[PDB]
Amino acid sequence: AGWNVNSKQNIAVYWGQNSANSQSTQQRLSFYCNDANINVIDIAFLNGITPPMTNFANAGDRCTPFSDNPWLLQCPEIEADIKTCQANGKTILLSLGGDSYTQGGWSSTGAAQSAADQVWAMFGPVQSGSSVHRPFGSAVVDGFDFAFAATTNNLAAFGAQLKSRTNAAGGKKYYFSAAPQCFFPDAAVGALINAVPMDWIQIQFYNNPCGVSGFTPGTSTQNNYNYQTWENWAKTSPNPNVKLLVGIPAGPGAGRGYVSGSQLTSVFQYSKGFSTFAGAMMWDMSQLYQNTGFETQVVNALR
């Protein structure tokens, strides 16, 4: 039944950017929807908002660009796969931003609110009165992951507008996550996560000295790995019950600070000791499935 707020064994994995970067390393989204251990998948990425742009690496080969927006894709296989994964009990979020989002956000709260309403009309419930293009057709995402990586002006107003629309919606629960890097405070999404309630924060504990590679096994005195800082922040955040996922690279090619073996088991045992801990996040599906035995290491570490 997808995201489980009462579990310490949630696993969120990104799909779409083919980090492993080979012809065969990223199968279609539904290939990965028979994995009992992966209950949340983030589709990466809507890497342009105003104007809209979608990039799904070589999954774009089975999409058709919209005639009036060549950077926006119509993706019938992703549409079908979202519906299949949802039928299979997976929570499917759309990830906004990524390291290729260059638009810098919005100059006004009004522009940010309009942009949020466009994203909601494009990926939320189908709107009968709307002319907006729908990359995933009649599929409806289960929410949004905020993975902005650079200065995004008025991201707080964008997020608050999108949260307003999901809070007003019928049908199903919509989830909000954010993917800050572990450096505290986070420059890209810090203002957003201090203003807008999130269901969980999936912290990138990699590409930075505060990452899992900096964890010191055998002690609960941690000079580098800063989960404790994030837990302290969580308790007074807009959702004081917000959960944290420990985000890690799924292979040595996925990011700096890949860990495995006893370092991996130890940092997860340490993190599991905290009331906010809800499981793991991984970048990304292509790397995870190429890295034989790594998923079993992560599953075994969360037990």
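Start at 1 with the first residue shown and count on from there.
K.L.:
Do the C-alpha atoms of 255-263 or of 59-67 have the higher average B factor in the entry?
P.N.:
Here the higher of the two C-alpha B-factor means belongs to 59-67.
K.L.:
Test of understanding: from the entry's C-alpha B-factors, which stretch has the higher mean, 289-297 or 14-22?
P.N.:
Result: 289-297.
K.L.:
Among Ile82, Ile201, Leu93, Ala111, where is the Cα B factor highest in this entry?
P.N.:
Top of the list by C-alpha B-factor: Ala111.
K.L.:
Can you pull the Cα B-factors for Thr221, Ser213, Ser177, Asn88 from the entry and say which is highest?
P.N.:
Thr221 has the highest C-alpha B-factor of those listed.
K.L.:
Could you say whether, by C-alpha temperature factor, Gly124 belongs to the lowest, middle or highest third of its chain?
P.N.:
Its C-alpha B-factor belongs to the lowest third of this chain's values.
K.L.:
Against its chain's modelled residues, does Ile43's Cα B factor rank lowest, middle or highest third?
P.N.:
For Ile43, whose C-alpha B-factor we compare with every modelled residue in the chain, the answer is the lowest third.
K.L.:
What third of its chain, lowest, middle or highest, does the C-alpha temperature factor of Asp142 fall into?
P.N.:
As the PDB entry reports it, the C-alpha B-factor of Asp142 lands in the lowest third of its chain.
K.L.:
Lowest, middle or highest third of the chain for the C-alpha temperature factor of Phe205?
P.N.:
Lowest third - that is where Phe205 ends up once the chain's C-alpha B-factors are sorted.
K.L.:
What third of the chain, by the recorded C-alpha B-factor, contains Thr276?
P.N.:
It falls in the middle third of the chain.
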